[PDB]
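**Student:** I'd like to ask you about the structure that follows.
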Amino acid sequence: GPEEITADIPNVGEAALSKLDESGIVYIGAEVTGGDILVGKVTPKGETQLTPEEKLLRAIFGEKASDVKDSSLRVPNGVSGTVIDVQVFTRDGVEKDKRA
Amino acid sequence: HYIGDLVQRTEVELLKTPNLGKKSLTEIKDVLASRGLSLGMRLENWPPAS
Amino acid sequence: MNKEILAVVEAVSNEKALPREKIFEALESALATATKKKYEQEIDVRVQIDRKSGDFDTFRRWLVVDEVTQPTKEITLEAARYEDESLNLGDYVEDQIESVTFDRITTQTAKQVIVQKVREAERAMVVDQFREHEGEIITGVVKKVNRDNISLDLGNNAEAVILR
Amino acid sequence: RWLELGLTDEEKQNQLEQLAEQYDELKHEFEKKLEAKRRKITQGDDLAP
Amino acid sequence: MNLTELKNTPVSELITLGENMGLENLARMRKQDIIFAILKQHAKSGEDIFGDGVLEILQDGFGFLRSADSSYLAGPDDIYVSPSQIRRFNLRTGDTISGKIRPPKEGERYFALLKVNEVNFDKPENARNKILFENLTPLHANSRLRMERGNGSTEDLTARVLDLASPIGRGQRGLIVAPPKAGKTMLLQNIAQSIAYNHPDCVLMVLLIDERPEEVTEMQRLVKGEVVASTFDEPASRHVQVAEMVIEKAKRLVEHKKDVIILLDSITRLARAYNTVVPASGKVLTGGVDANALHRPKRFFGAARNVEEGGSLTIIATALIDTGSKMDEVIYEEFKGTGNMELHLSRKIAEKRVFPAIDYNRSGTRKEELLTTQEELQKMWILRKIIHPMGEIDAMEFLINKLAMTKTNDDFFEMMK
Amino acid sequence: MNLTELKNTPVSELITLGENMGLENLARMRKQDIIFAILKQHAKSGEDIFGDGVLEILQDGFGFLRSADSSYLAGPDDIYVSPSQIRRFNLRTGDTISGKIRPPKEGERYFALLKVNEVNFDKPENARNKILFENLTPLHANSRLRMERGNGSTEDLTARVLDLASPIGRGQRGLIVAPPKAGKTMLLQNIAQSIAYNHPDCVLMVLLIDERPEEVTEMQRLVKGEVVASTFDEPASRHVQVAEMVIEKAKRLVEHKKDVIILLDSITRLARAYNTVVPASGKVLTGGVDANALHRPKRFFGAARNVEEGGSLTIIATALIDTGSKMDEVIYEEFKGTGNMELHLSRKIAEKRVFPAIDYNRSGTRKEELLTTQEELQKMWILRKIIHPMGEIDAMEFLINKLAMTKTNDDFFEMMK
Ligand SMILES: Nc1ncnc2c1ncn2[C@@H]1O[C@H](COP(=O)(O)OP(=O)(O)O)[C@@H](O)[C@H]1O
Ligand SMILES: Nc1ncnc2c1ncn2[C@@H]1O[C@H](COP(=O)(O)OP(=O)(O)O)[C@@H](O)[C@H]1O
Ligand code: BEF
Ligand code: BEF
Ligand SMILES: [Mg+2]
Ligand SMILES: [Mg+2]
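Quick look at the structure:
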């Protein structure tokens, strides 16, 4: 399965995920001090059968996200700063997300 | 042209003036709410000293 | 966005314990608290989304009363004869449109409200289904026996309690 | 919004229609540039195989 | 400004007014948005607006006041009324409202109501505590509707024969059973003319469903009363809409103690439109007819009655038969023992250029003793017993020759002795 | 350069012109792109282009001007017109436009309009402030269309019998009810020939929907007026496209005070195509027919009327029956009480080599008093009363023998006395 940038990141509190939007990317202008999440990337480490009804159920109910691996990129340790710009490039066929 | 001349009156006359819609009325009422005072009061000391 | 609201209302988990009008009212309350969190003031607003297909068209409640406290939801009786109100309570007018019902905090509060509403719905359903067996005897395994009371499995999401 | 009137047709209307045609050509060229910039900044980019 | 002056005025005066107001090019759009923009401009430079119409309450909660000339159709000309009026004055669907209205701001486009003035031609105080329609006690017709004008024209003899065959009264149900090609249009036209000339106090309403538009325009300005019609040009949704509109208007008017008279043509086409508009219930007979599909038409025909408290409602719906299909046939079978006054118009006499083609042998009316006097009824029975052994065309020409010489049915009866 | 000279010219002269211009191998492609490249070359070496056609406005905002010979189909020959013209001249769908056009540069491929010259055969100033179609007041037909030519040929007697059975006028609705195998094609051809020979001032339009292509090509160059036809070769999308095209053209022409006459064949096939092209609404009767699927055809048949202000529109749509399916049957039932002039052509007389097979007993026209004089109507009624007791084949041969000797219907009537 292909990896996605959905805002469904398990094994993390909502306070750490508050810096991201509904599309899983930090808002333009949100500073970060230490190692924190800025892009909500997840990859399916399992098999098929990922149905949209299951997606909307897991978004509200159900157990944790089964196949994610938490492949989301975080800012390296020690380096700080304030985000000022985000760029996105998408392959043809793939629909652009709301931030794009 | 003065705030005190507006605090001591209700908005029944505000809607009587044309071009006074939801925008202006809501803006004035929310500004006076953020300022704590109420639209429509009763005071006699006016205007000191103008 | 309306397509997603549809997908949600038609793709609910418990179509029986959560009827369609219940999904409508739950989404309305979720979007209402979202719009409440939007503005810095406190103003109660319902969305009245088209139950069948269409999108939302919010309103603005104003609570006709001679008071002035929180004037965002205040309309005096004397200064209300315009717009043919002529009433004492129920001035829920359409002064407010342009609700955003898909951003991050709105989605989170909507998910929370939906969880609360489905919990309330399943509670009401189990209670008014298994209350008919009030005089007769009920059989069922015990979920868990606590100190103050014990809770019992009676069936599909069926709970009973026996006091200490 | 009312560029078009009628008086002394034989030459006044000829000049007015020439001007209106120039205006329409300018508007079409501007819409063309708009659409070209749109399809250039919205075309899907190539990233990697 | 009042609404009806701009509604029932020709569109040319509206074009002139809109051009004089210094507005956009007005003649390029519908009459609806034309008058909408005209009212908006007159409100921007002028006083409050004065509107009127009939009220329809949707499943949404609010109400729409629609005009009579557009057959109560949606558009910019409708009047939005909030549920607050429906809670204060306790409004109902079909309420004839007339009052003050205001222009719309952002978020709205319809003229909102400001203050009602006349509700069903009555004061809101008197209309507050009233009696419902279904709560009334139906009865038989007692006051007979005189259809003879007295002049004895070339065609009023038709109406005369009608008085000879079907005494109509306030609260009776009339079913005109006639195949096509038979000449019922001018018959109903003359009936409406006579009933408006003899009884101008009672409201008169006609309804043309699935009818040709030319007949609609030639009837909407030839007879009295609002001529509401839903031609075949529109789907069945508009037909059921106007059916509910007219039936609720009649119910409200008879609740306000007014003698209401409905002329419906034809009832088979209305029932067919009902059948195709309401969802199916699974059970289907021959001809593509559903079981519940006739429930609403039946109700519509059963609304007519003679109220004991005040006023009455008399419907006259014609049933089109002999078309080849089974829909009309099963409709006429279901409505056969329904109306208490049938009038049969056989095409055999119509094709022979003998008008009015009236099957006097098969026509009749029940409880006619409560509409005519004693000797009048005796003469009618004598005439019936005399004509019954005769056929149809011969009896028709005999009646025509015996009625052409006389001018009044009374002299006719005494000369027939 | 004008467009019509290159449109209605044979393709051979186009091949010669393209070979003389020193171009690519031209005969290897469609006529459409052939004439497109020819116009492009003539514009590269020459003056402005002069085009014409009928305008269609999409849901996109712009407009396409399409020619009559391609049945108004998409291709390189269309003319793109910006919404700026639709805002300035306030254009509408179906506007007959003719004017100057320019070649396209990069980003474009259609010839863009430069300046309109003739809009619906009228000046833009006169067409600016006008009257809408639906805003007109329909009426009954007053001017009768004379179908007798006077020569009395071997086949014009058909038209004569038509004048004997269905007096056609400006604003009437004609429904030809005939099973297959019955000979209606040459009937409509002769009707068109006679109505163009007797009334050459009024525009004549024919429409062949779901028809064989050979008949299309043999009719497109035998009768007058643009012969627009959508054969069965294409899906129903093109059928509804050409239906809207022709109906909007007729509406614009009658708005410009022109007597428009439409010949539509057949209406059952057009309604079937409508049924399969418009999305379903859930409700379905027997035969695979939807409720709203007949709304647009109904409208199409209801567009015809007699305008009181100026001009009129007369449609003559034939209904194909007796095919076995239920679609045609339910269509003919829905359109039975729709047209005000039916003409029945029974196959029993057609199979006996007795033409024209016309069911005179079941045929007729309403309000014929407004089309014929007094003694003419009296003679027609006498003839109807005489022929009615007879059957179909015997009456048909009697009428044929009585009409072959005479040359004019007047002498026929006086000799029938
Ligand atoms: N009372 C009458 N006197 C003279 N002619 C009549 C009379 N009633 C009907 N007709 C004739 O019969 C025809 C009926 O036409 P129409 O109203 O279309 O039929 P229907 O009423 O069956 O729909 C008319 O053309 C008219 O000439
Ligand atoms: N007026 C007429 N005179 C002679 N023959 C006729 C006439 N009308 C029809 N026919 C014959 O009937 C046939 C009808 O063919 P066609 O046009 O396909 O029928 P339809 O138009 O009913 O489909 C023709 O072959 C023709 O020979
Ligand atoms: F009988 Be008609 F078609 F009204
Ligand atoms: F030409 Be046939 F009547 F289809
Ligand atoms: Mg009729
Ligand atoms: Mg044929």
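Residue numbers (the numbering used here), protein chains in the order written: chain A, 32 to 131; chain B, 6 to 55; chain C, 21 to 184; chain D, 29 to 77; chain E, 866 to 1282; chain F, 866 to 1282. Each residue gets a CB set at the ideal place from its N, CA and C atoms; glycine is no exception.
Is there a Cβ from chain C that is less than 8 Å from the Cβ of E:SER947?
**Tutor:** So yes, E:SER947 belongs to the interface.
**Student:** Quick one: what's E:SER910 bridged to in DSSP?
**Tutor:** Answer is none; E:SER910 lacks a bridge partner.
**Student:** Which parts of the stretch 966-1027 of chain E are runs of the beta strand (DSSP E), unbroken and 3 residues or longer, counting only runs that do not cross its ends?
**Tutor:** You should have 976-984.
**Student:** Kindly indicate which three-state DSSP category F:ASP1155 falls into: helix, strand or coil?
**Tutor:** If DSSP states are grouped into helix, strand and coil, F:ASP1155 belongs with the strands.
**Student:** What whole-angstrom Cβ distance do F:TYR937 and F:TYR975 have, given they're in contact under 8 Å?
**Tutor:** Contact doesn't hold; Cβ gap of about 15 Å is too wide.
**Student:** Residue range of the beta strand (DSSP E) that F:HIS1209 falls in?
**Tutor:** 1206-1209 is the span of the beta strand (DSSP E), which, as asked, contains F:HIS1209.
**Student:** Just curious, the alpha helix (DSSP H) that F:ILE1258 is in, first and last residue?
**Tutor:** Looking at the DSSP string, the run of the alpha helix (DSSP H) that includes F:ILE1258 is 1258-1270.
**Student:** How about B:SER29: is its C-beta nearer than 8 Å to some C-beta of chain C?
**Tutor:** No, its Cβ sits nowhere closer than 8 Å to a Cβ of chain C.
**Student:** Taking the continuous alpha helix (DSSP H) assigned at E:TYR1139, which residues delimit it?
**Tutor:** Segment 1132-1142, the alpha helix (DSSP H) holding E:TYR1139.
**Student:** May I have the straight-line CA-CA distance separating F:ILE951 from F:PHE927, to the nearest angstrom?
**Tutor:** Each residue's Cα considered, the two are about 8 Å apart.
**Student:** As a quick check of your reading: which residues have a C-beta less than 7 Å from at least one non-hydrogen atom of ligand 2, in chain order?
**Tutor:** In chain order, the hits are F:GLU1020, F:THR1023, F:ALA1043, F:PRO1045, F:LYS1046, F:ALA1047, F:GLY1048, F:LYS1049, F:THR1050, F:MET1051, F:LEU1052, F:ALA1215, F:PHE1220 and F:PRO1221.
**Student:** Ligand 3 heavy atoms versus the CB of F:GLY1204: any closer than 7 Å?
**Tutor:** Because no heavy atom of ligand 3 lies under 7 Å away, the Cβ of F:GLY1204 does not count as near it: no.
**Student:** Cβ of F:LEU1072 within 7 Å of any heavy atom in ligand 4?
**Tutor:** F:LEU1072 Cβ: outside cutoff for every heavy atom of ligand 4.
**Student:** Of all the options F:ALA1024, F:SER1008 and F:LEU1268, which has the alpha carbon lying nearest to the alpha carbon of F:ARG1014?
**Tutor:** Closest option to F:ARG1014, Cα to Cα, is F:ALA1024.
**Student:** Going straight from the alpha carbon of F:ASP1224 to that of F:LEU1040, what length do you get?
**Tutor:** Approximately 13 Å, taken between the alpha carbons.
**Student:** Going by the C-beta, is F:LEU1185 closer than 7 Å to any heavy atom of ligand 4?
**Tutor:** Yes, Cβ of F:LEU1185 sits closer than 7 Å to a heavy atom of ligand 4.
**Student:** Using alpha carbons as the reference points, say which of C:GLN61, C:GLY155, C:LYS57 and C:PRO91 lies closest to C:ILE125.
**Tutor:** Among C:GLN61, C:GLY155, C:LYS57 and C:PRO91, the Cα nearest to that of C:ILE125 belongs to C:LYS57.
**Student:** For C:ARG71, which residues from the same chain have a beta carbon less than 6 Å from its beta carbon, with the 5 sequence-adjacent residues on both sides left out?
**Tutor:** The answer, listed in chain order, is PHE44.
**Student:** Where do the N-terminal and C-terminal ends of the beta strand (DSSP E) with residue 814 of chain F fall, by residue?
**Tutor:** Examination of residue 814 of chain F is not possible in this model, given that chain F is present from 866 through 1282 alone.
**Student:** Evaluate F:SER1211 with the Cβ neighbour count: other Cβ atoms within 10 Å of its Cβ, from every protein chain shown; 16 or more gives buried, anything less gives exposed.
**Tutor:** Buried.
**Student:** Any heavy atom of ligand 1 closer than 7 Å to the beta-carbon of E:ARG1134?
**Tutor:** Outside the cutoff, so no.
**Student:** Going by the DSSP bridge assignment, what does F:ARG1038 pair with across the sheet?
**Tutor:** Per DSSP, F:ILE1180.
**Student:** Please state whether the Cβ-Cβ distance between E:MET1206 and E:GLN1037 is less than 8 Å.
**Tutor:** Yes, they are a contact pair.
**Student:** With a cut-off of 8 Å, do at least 3 Cβ pairs link the stretch 1139-1155 of chain E to the stretch 1191-1200 of chain E?
**Tutor:** With a cut-off of 8 Å, the stretch 1191-1200 of chain E and the stretch 1139-1155 of chain E count as touching, because enough Cβ pairs lie within range.
**Student:** Any idea what DSSP makes of E:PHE929, helix, strand or coil?
**Tutor:** Residue state, collapsed to three classes: strand.
**Student:** At the level of alpha carbons, what is the spacing between F:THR881 and F:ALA902?
**Tutor:** Distance between the alpha carbons of F:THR881 and F:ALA902: 13 Å.
**Student:** Along the beta strand (DSSP E) that carries C:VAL135, what are the first and last residues, could you check?
**Tutor:** C:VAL135 -> not in any beta strand (DSSP E); alpha helix (DSSP H) instead, spanning 124-150.
**Student:** For C:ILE69, count neighbouring Cβ atoms within 10 angstroms of its own Cβ and tell me buried if that reaches 16, exposed if not.
**Tutor:** Its Cβ being crowded by 16 or more others within 10 Å, C:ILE69 is buried.
**Student:** Rounded to whole angstroms, what's the CA-CA distance from C:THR127 to C:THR55? Just pull it up for me.
**Tutor:** Between C:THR127 and C:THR55, the C-alpha separation is close to 11 Å.
**Student:** With distances taken between CB atoms, is the gap from E:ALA1138 to E:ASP1075 smaller than 8 Å?
**Tutor:** In this structure, E:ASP1075 lies closer than 8 Å to E:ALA1138 by Cβ.
**Student:** What residue range is occupied by the uninterrupted beta strand (DSSP E) comprising F:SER1095?
**Tutor:** Its beta strand (DSSP E) spans residues 1092-1095.
**Student:** Pair every Cβ in the stretch 1065-1073 of chain E with every Cβ in the stretch 1118-1128 of chain E, then say whether three or more of these pairs are closer than 8 Å.
**Tutor:** Judged by Cβ distances under 8 Å, the stretch 1065-1073 of chain E makes contact with the stretch 1118-1128 of chain E, as three or more pairs qualify.
**Student:** Only counting the same chain, and skipping five residues up and downstream in sequence, which positions put a Cβ closer than 6 Å to that of E:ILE1132?
**Tutor:** Within the same chain, E:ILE1132 has close Cβ partners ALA1182 and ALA1184.
**Student:** Tell me the DSSP secondary structure of C:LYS164 in three-state form.
**Tutor:** Residue state, collapsed to three classes: strand.
**Student:** Helix, strand or coil, according to DSSP, for A:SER97 in the structure here?
**Tutor:** If DSSP states are grouped into helix, strand and coil, A:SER97 belongs with coil.
**Student:** When the Cα atoms are used, what is the spatial distance from E:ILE899 to F:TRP1246?
**Tutor:** Cα to Cα, the separation comes out at about 47 Å.
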